[PDB]
Structure formats: structure tokens, C-alpha cells
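Encoded as C-alpha cells, the structure appears first; notes follow it.
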Amino acid sequence: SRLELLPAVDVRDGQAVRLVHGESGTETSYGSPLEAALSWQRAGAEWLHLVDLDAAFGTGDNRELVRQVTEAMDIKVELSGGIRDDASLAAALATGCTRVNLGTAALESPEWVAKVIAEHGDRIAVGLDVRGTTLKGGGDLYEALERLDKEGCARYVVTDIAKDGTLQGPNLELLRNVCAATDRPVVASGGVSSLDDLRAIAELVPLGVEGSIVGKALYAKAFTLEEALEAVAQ
């Protein structure tokens, strides 16, 4: 019943980067993705959240590197970025990742997503990236949650685009509202800036928040992953 932490490694042009508002062109560079992933594992990570931003933005991909990072992890891996058709899904699953996230591109094909959920079950989570309650493009958040619930979706990763990469703090109201709408586990993404922010998210575990993806706060050294794991421990 402890909040799971998913430290992030987002890859663009073979490098570990952070974005602001998930926007292409806002990259700040932090070097080797496998050095970053191994650093999180060393520090006690349970999960890696691994994102292929080139695949997400349609500017080629980093398939070999994300396979190599995934296969190097003894820990669980959640893989995201441009998973939108049978081939991109098969490439992601072939990494041996624990689960994938289907996001905005996938959701342009809701019937395909329904089929993928039916076939792959708990290996699939859906990424819901919102400004307010409007999906990126992309539709109402709550209508999407109702449809995906019915399709048997196991899990949602909810990103507040307005807060992602800003270090301003997470949107706790959004998380509470999503948890009121669905019985499925919710993974929080975007805006974490401090240990207090993680403690605040951890208070929402009983509502249905299962985990928190943490990016910029770790790379920008607001706290260490060891400190974060301790803060949410019981």
C-alpha cells in the first residue's frame, strides 16, 4: 500500500532529456540513458518509466537503445512513446518490459486500443495527457475513462501537461477527480518538485493512486531517489 515511484528516463536522439509541457524542442540534456537508468536502479528503484520521445514525435526512434536499457534493468520497466500500431506495440513488448503505455497516438485509433487491451491485459496501461480535463491532440477525460473502463483497461497514467517539467508541484485535484471516476489504478505524472509533493501524492494512495512518475526533480537534484523512496516509505 506504499506509493510506487517510477523514476523516468526520456530519450531523444539517443540522450536522456527532460521536456517542459511534453513539447518537442524544450529538451534539456542529461547524458546517457543507460547511465541514468542504472543510477535509478542502484538507488533502489522498483520501476523505470522509459520513454522513446523520437517514436512519440515521429522523428525516427531509439528502438535498440530502449531494448538495451530495458534488458539491463533487473527492475520493472514501463515503456512508452509512439506505441500506436501492431508493429510499434510488438517492438515495445519485445523489449521484455513489464508494461507499455498507449497514449495520444494510440487513442487516435480507439478500436485498436480496445483490441490491444483485450489481447494483452495487464501489460497495457493508457496514458491520458490533459490540459484541464481535455485530452491532448483530443476529447473529454471523463468520457475516455468511462469508455476505457468498459474496454477492460487495467491502469491509467495521468499527466497534467500544464505542470509537466515545470517543478511547480503536482495537480492533486486532478488525481482525486480521476480516482473518483475510475476504480482502476492511477499513476501520477508531471510537476513533482519536492519530497513534500511526493508525501502529498502518497496521501492519495487510498483513493486509487498507485504510483508517481518522477522526472525533472531527480535530474535537477531537488532530492535524491533514496530520499524520495524514504519519504514515501511506511
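The chains in the C-alpha cells are called A, B, ... from first to last as shown; in each chain the residues are counted from 1, and the ligands are counted from 1 in the order shown.
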For the structure I just gave you, how does DSSP split segment 33-157 of chain A - specifically, which residues are helix (DSSP H, G or I)? Reply as a PyMOL selection string.
chain A and resi 33-42+53-57+63-72+86-93+104-107+110-123+141-150
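Using only C-alpha atoms, the residues found no farther than 8 Å from residue 122 of chain A, other than those of its own chain fewer than 3 positions away, are residues 99, 117, 125, 153, 154 and 155 of chain A.
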Might you pull out every residue within 6 Å of segment 6-9 of chain A, with only C-alpha atoms counted and same-chain residues fewer than 3 positions away left off, and present them as a VMD selection string?
chain A and resid 47 to 50 212 to 215
Save the residues we just selected, N, CA, C and O atoms, as a tab-separated table (two decimals), in the first residue's frame?
chain	number	residue	atom	x	y	z
A	47	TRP	N	10.87	0.53	-10.23
A	47	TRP	CA	10.36	0.75	-11.58
A	47	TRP	C	11.26	1.74	-12.29
A	47	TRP	O	11.82	2.64	-11.67
A	48	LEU	N	11.35	1.58	-13.61
A	48	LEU	CA	11.83	2.60	-14.53
A	48	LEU	C	10.67	2.96	-15.46
A	48	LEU	O	10.02	2.07	-16.02
A	49	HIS	N	10.42	4.26	-15.63
A	49	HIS	CA	9.50	4.74	-16.67
A	49	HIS	C	10.34	5.24	-17.84
A	49	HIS	O	11.04	6.24	-17.70
A	50	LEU	N	10.31	4.51	-18.95
A	50	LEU	CA	11.20	4.72	-20.08
A	50	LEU	C	10.39	5.21	-21.26
A	50	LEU	O	9.40	4.58	-21.63
A	212	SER	N	3.80	7.26	-8.75
A	212	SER	CA	4.18	8.58	-9.22
A	212	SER	C	5.41	8.45	-10.10
A	212	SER	O	6.42	7.91	-9.66
A	213	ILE	N	5.31	8.97	-11.31
A	213	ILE	CA	6.44	9.08	-12.22
A	213	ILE	C	7.15	10.39	-11.92
A	213	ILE	O	6.52	11.44	-11.85
A	214	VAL	N	8.46	10.31	-11.72
A	214	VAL	CA	9.25	11.47	-11.33
A	214	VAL	C	10.39	11.68	-12.32
A	214	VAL	O	11.23	10.79	-12.52
A	215	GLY	N	10.40	12.85	-12.95
A	215	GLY	CA	11.41	13.20	-13.92
A	215	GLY	C	12.33	14.32	-13.46
A	215	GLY	O	13.34	14.08	-12.81
Applying 12 Å and only C-alpha atoms, which residues near residue 36 of chain A remain after dropping the ones on its own chain fewer than 3 positions away? List them as a VMD selection string.
chain A and resid 7 to 11 15 to 17 29 to 33 39 to 43 45 48 to 50 69 72 to 73 215 218 to 219 225
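Counting only C-alpha atoms and comparing A:201, A:135, A:157, A:141, the residue that lies closest to residue 170 of chain A is A:201.
When DSSP is run on the backbone, the residues of segment 101-233 of chain A that fall into strand (DSSP E or B) are residues 101, 102, 124, 125, 126, 127, 128, 129, 130, 131, 134, 135, 140, 156, 157, 158, 159, 160, 186, 187, 188, 189, 209, 210, 211, 212, 213 and 214 of chain A.
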Residues just named, written with C-alpha atoms as an mmCIF file, in the first residue's frame:
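Final output, again23.cif:
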data_model
loop_
_atom_site.group_PDB
_atom_site.id
_atom_site.type_symbol
_atom_site.label_atom_id
_atom_site.label_comp_id
_atom_site.auth_asym_id
_atom_site.auth_seq_id
_atom_site.Cartn_x
_atom_site.Cartn_y
_atom_site.Cartn_z
ATOM 1 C CA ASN A 101 1.677 2.841 -22.173
ATOM 2 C CA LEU A 102 -0.568 3.687 -25.125
ATOM 3 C CA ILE A 124 -1.252 -2.398 -21.183
ATOM 4 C CA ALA A 125 -1.836 0.936 -19.481
ATOM 5 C CA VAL A 126 -3.278 4.011 -21.152
ATOM 6 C CA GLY A 127 -1.631 7.422 -20.937
ATOM 7 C CA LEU A 128 -4.087 10.282 -20.545
ATOM 8 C CA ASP A 129 -2.291 13.605 -21.115
ATOM 9 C CA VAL A 130 -4.543 16.563 -20.278
ATOM 10 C CA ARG A 131 -4.783 20.285 -20.151
ATOM 11 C CA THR A 134 -9.154 17.933 -22.226
ATOM 12 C CA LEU A 135 -7.007 15.183 -23.752
ATOM 13 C CA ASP A 140 -13.060 14.754 -22.599
ATOM 14 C CA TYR A 156 -4.153 4.817 -16.349
ATOM 15 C CA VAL A 157 -1.129 7.107 -16.395
ATOM 16 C CA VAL A 158 -2.430 10.663 -15.954
ATOM 17 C CA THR A 159 -0.227 13.605 -16.922
ATOM 18 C CA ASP A 160 -1.129 17.239 -16.313
ATOM 19 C CA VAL A 186 -3.872 5.596 -11.439
ATOM 20 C CA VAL A 187 -0.226 6.538 -11.935
ATOM 21 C CA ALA A 188 0.521 10.259 -11.485
ATOM 22 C CA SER A 189 2.823 12.129 -13.853
ATOM 23 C CA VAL A 209 -3.250 6.453 -6.810
ATOM 24 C CA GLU A 210 -0.788 3.601 -7.210
ATOM 25 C CA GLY A 211 2.389 5.386 -8.276
ATOM 26 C CA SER A 212 4.180 8.579 -9.224
ATOM 27 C CA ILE A 213 6.437 9.076 -12.223
ATOM 28 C CA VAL A 214 9.245 11.475 -11.335
#
Near residue 110 of chain A, within 10 Å and counting only C-alpha atoms, which residues show up once chain neighbours fewer than 5 positions away are dropped, as a count of residues only?
6
Spatial neighbours of residue 96 of chain A, 9 Å, only C-alpha atoms, chain gap at least 6 places, as a PyMOL selection string:
chain A and resi 67+70-71+77
Residues at most 6 Å from segment 161-166 of chain A, counting only C-alpha atoms, excluding those fewer than 2 positions away in the same chain, as JSON, numbers by chain?
{"A": [19, 20, 21, 130, 131, 159, 168, 190, 191, 216]}
Go ahead and save the residues from that selection, with C-alpha atoms, as a compact mmCIF listing (two decimals), in the first residue's frame.
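Final file, out_12.txt:
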# COMPACT_ATOMS: atom_id res chain seq x y z
CA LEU A 19 10.88 18.44 -21.64
CA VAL A 20 8.52 21.17 -20.49
CA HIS A 21 4.79 20.53 -21.16
CA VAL A 130 -4.54 16.56 -20.28
CA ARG A 131 -4.78 20.29 -20.15
CA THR A 159 -0.23 13.61 -16.92
CA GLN A 168 5.67 23.76 -9.74
CA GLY A 190 4.07 15.71 -14.02
CA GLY A 191 5.13 18.53 -11.78
CA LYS A 216 12.88 16.67 -13.63
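With only C-alpha atoms as the atoms that count, the residue of A:61, A:27, A:74, A:86 with the shortest distance to residue 98 of chain A is A:74.
Atom pair atom CA of residue 114 of chain A / atom CA of residue 81 of chain A has a distance of 18.1 Å (rounded to one decimal).
Taking atom CA of residue 24 of chain A and atom CA of residue 57 of chain A as endpoints, the distance between them is 7.4 Å.
Picture a line from atom CA of residue 100 of chain A to atom CA of residue 68 of chain A; it runs 15.9 Å.
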Residue nearest residue 1 of chain A among A:203, A:143, A:221, A:75 (counting only C-alpha atoms)
A:203
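Taking only C-alpha atoms into account, residue 106 of chain A lies nearest to A:89 out of the set A:222, A:174, A:231, A:89.
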